[PDB]
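S.K.: Got a structure for you, questions after.
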There are 4 protein chains.
Amino acid sequence: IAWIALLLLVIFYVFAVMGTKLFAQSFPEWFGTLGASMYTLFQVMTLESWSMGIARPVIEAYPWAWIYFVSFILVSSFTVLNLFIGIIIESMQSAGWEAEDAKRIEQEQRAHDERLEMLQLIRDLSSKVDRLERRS
Amino acid sequence: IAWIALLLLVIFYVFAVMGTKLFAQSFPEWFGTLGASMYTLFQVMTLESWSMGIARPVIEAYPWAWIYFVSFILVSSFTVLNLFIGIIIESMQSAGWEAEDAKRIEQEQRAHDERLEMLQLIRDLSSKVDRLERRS
Amino acid sequence: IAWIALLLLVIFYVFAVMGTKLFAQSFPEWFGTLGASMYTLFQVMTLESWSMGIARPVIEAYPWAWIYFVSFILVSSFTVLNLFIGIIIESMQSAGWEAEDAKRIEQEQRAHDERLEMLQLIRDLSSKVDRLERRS
Amino acid sequence: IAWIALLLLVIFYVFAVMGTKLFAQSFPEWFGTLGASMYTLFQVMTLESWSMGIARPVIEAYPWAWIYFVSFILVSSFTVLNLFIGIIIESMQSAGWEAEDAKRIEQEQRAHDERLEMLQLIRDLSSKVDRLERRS
């Protein structure tokens, strides 16, 4: 799960230098610094005035910015979906299906100890009986 | 799961030509092209200034646009809910309940091999014994 | 699950007449009609300019409107959470844990048919043997 | 699950007095009272004009407010994720994996009653047979 939290903080990083490279020119409030894009893209990630506030006016200057915003939201919120699910799995198979996946791993092999002793008891009886057809 | 990703990209398409047909007239910034609606509806799908920015002013010109926006959000975000769930199911029954659904499919039939051999051993003993009530 | 889709469409209704009763006076664009509140509250439920657009200006006229908006969002989005979960449960215990809850209900009782026949075979052997201690 | 609903309503509280302490000075509409921050932070938690509306203008006065907003959203929406998951777990292991975790706790021990009676029957037979090699 936390092996993707690295990936997310890489995409966040990659796209922050992208926007600083592109829009630092004409949108210096949103993309002037690296640290200003780190904020803007967080705001863009949270989908609060992402388009009407940021994307639309940025797309007005460069139409090659349309994809930068769309692709960012697509990849960003998608690797959160992979991350949100990475907690539902690691949580529902840890508190429920990791304790049951061992209690039924034990209750199954606690009757292989029952069946395989009982088997021996029947063989110890096949030995006592088949030695009495050779004795009568 | 990805059999609905086609459906979503059909609803996205269907509604994009709808808005271009309707609003290309008076809202050319948002619905002028097919490609402008493809953007606007993505923005409307992400619920960022969807109403106050897009729907409200569009509903001011045509009140028959109220339903276009509401219905779009309802169907769109609903087939994402069907898609979001389509990953939680295909993920929690693949990494947990597809490996366990085979290890308990094997552990169950590894004792039918135990019970049905043991049965034979008892019949081989019923054969040795019921041939000794006919021998005494 | 769909037994709460009724409840949600009741809260939606209840609060729509509430807002039309209260704010139809001074906010006639948002709450003038029943059908205008049905839209506004849908927009409020989707959390798009819910506060800065609707609540804040409505709270400026009446401070007894603060709770109307907060309580609405709390109850509304909470019975969606009960509804969103009502599909995750009804879907993950239907496609996975309703077919397995019957295949293991059958595989369990397919060996009670094995154990209880084998038992009889041993009793049919206790009958053949304990009638040979009375015969020797 | 509801043991974190207390924690959330503590973070909500902690950060509300924080913002009233800091921003009551120059942003009295958003942070003037304790009760105004309780609203603003709810609006900030719902990510509706959180940055462009609240954070950005507040960051314009104090750049030491950037972290207050980011950290709030991070911790707040994260302990909702822990809370949202705390219902998926407590619901999917209660309606499905708490009734099955008892029906298979009973079906397992209803055949230990079978195997351990059958064992006795074989021993009662080893007693009858091994007393007939000492009798012939």
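Letters A, B, ... mark the chains of the structure tokens in the order given; residue numbers begin at 1 per chain; ligand numbers begin at 1, in order shown.
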Got a sec to tell me which of segment 3-64 of chain B DSSP assigns to helix (DSSP H, G or I), as a ChimeraX atom specification?
M.R.: /B:5-23,28-31,34-45,50-61,63-64
S.K.: Please identify every residue of chain D that has at least one atom no farther than 9 Å from an atom of chain A, counting only C-alpha atoms, and for each give the shortest atom pair and the distance in Å to one decimal, arranged by chain then increasing number, as JSON lines.
M.R.:
```
{"residue": "D:47", "atom": "CA", "partner": "A:48", "partner_atom": "CA", "distance": 6.4}
{"residue": "D:48", "atom": "CA", "partner": "A:48", "partner_atom": "CA", "distance": 6.0}
{"residue": "D:49", "atom": "CA", "partner": "A:48", "partner_atom": "CA", "distance": 5.6}
{"residue": "D:50", "atom": "CA", "partner": "A:48", "partner_atom": "CA", "distance": 6.9}
{"residue": "D:51", "atom": "CA", "partner": "A:43", "partner_atom": "CA", "distance": 6.5}
{"residue": "D:52", "atom": "CA", "partner": "A:49", "partner_atom": "CA", "distance": 7.0}
{"residue": "D:66", "atom": "CA", "partner": "A:39", "partner_atom": "CA", "distance": 8.5}
{"residue": "D:70", "atom": "CA", "partner": "A:42", "partner_atom": "CA", "distance": 8.7}
{"residue": "D:81", "atom": "CA", "partner": "A:84", "partner_atom": "CA", "distance": 8.0}
{"residue": "D:82", "atom": "CA", "partner": "A:87", "partner_atom": "CA", "distance": 8.9}
{"residue": "D:85", "atom": "CA", "partner": "A:88", "partner_atom": "CA", "distance": 6.4}
{"residue": "D:88", "atom": "CA", "partner": "A:88", "partner_atom": "CA", "distance": 8.0}
{"residue": "D:89", "atom": "CA", "partner": "A:92", "partner_atom": "CA", "distance": 5.8}
{"residue": "D:92", "atom": "CA", "partner": "A:92", "partner_atom": "CA", "distance": 8.4}
{"residue": "D:93", "atom": "CA", "partner": "A:96", "partner_atom": "CA", "distance": 6.8}
{"residue": "D:97", "atom": "CA", "partner": "A:96", "partner_atom": "CA", "distance": 7.8}
{"residue": "D:101", "atom": "CA", "partner": "A:100", "partner_atom": "CA", "distance": 8.1}
{"residue": "D:108", "atom": "CA", "partner": "A:107", "partner_atom": "CA", "distance": 7.8}
{"residue": "D:112", "atom": "CA", "partner": "A:111", "partner_atom": "CA", "distance": 8.1}
{"residue": "D:115", "atom": "CA", "partner": "A:114", "partner_atom": "CA", "distance": 7.7}
{"residue": "D:116", "atom": "CA", "partner": "A:114", "partner_atom": "CA", "distance": 8.6}
{"residue": "D:119", "atom": "CA", "partner": "A:118", "partner_atom": "CA", "distance": 6.6}
{"residue": "D:122", "atom": "CA", "partner": "A:122", "partner_atom": "CA", "distance": 7.5}
{"residue": "D:123", "atom": "CA", "partner": "A:121", "partner_atom": "CA", "distance": 8.2}
{"residue": "D:125", "atom": "CA", "partner": "A:125", "partner_atom": "CA", "distance": 8.6}
{"residue": "D:126", "atom": "CA", "partner": "A:125", "partner_atom": "CA", "distance": 6.5}
{"residue": "D:129", "atom": "CA", "partner": "A:128", "partner_atom": "CA", "distance": 7.5}
{"residue": "D:130", "atom": "CA", "partner": "A:128", "partner_atom": "CA", "distance": 7.1}
{"residue": "D:133", "atom": "CA", "partner": "A:132", "partner_atom": "CA", "distance": 7.3}
{"residue": "D:136", "atom": "CA", "partner": "A:136", "partner_atom": "CA", "distance": 8.2}
```
S.K.: Measuring between only C-alpha atoms, which one of A:58, A:14, A:9, A:4 shows the shortest distance to residue 26 of chain A?
M.R.: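 Using only C-alpha atoms, the shortest distance to residue 26 of chain A belongs to A:58.
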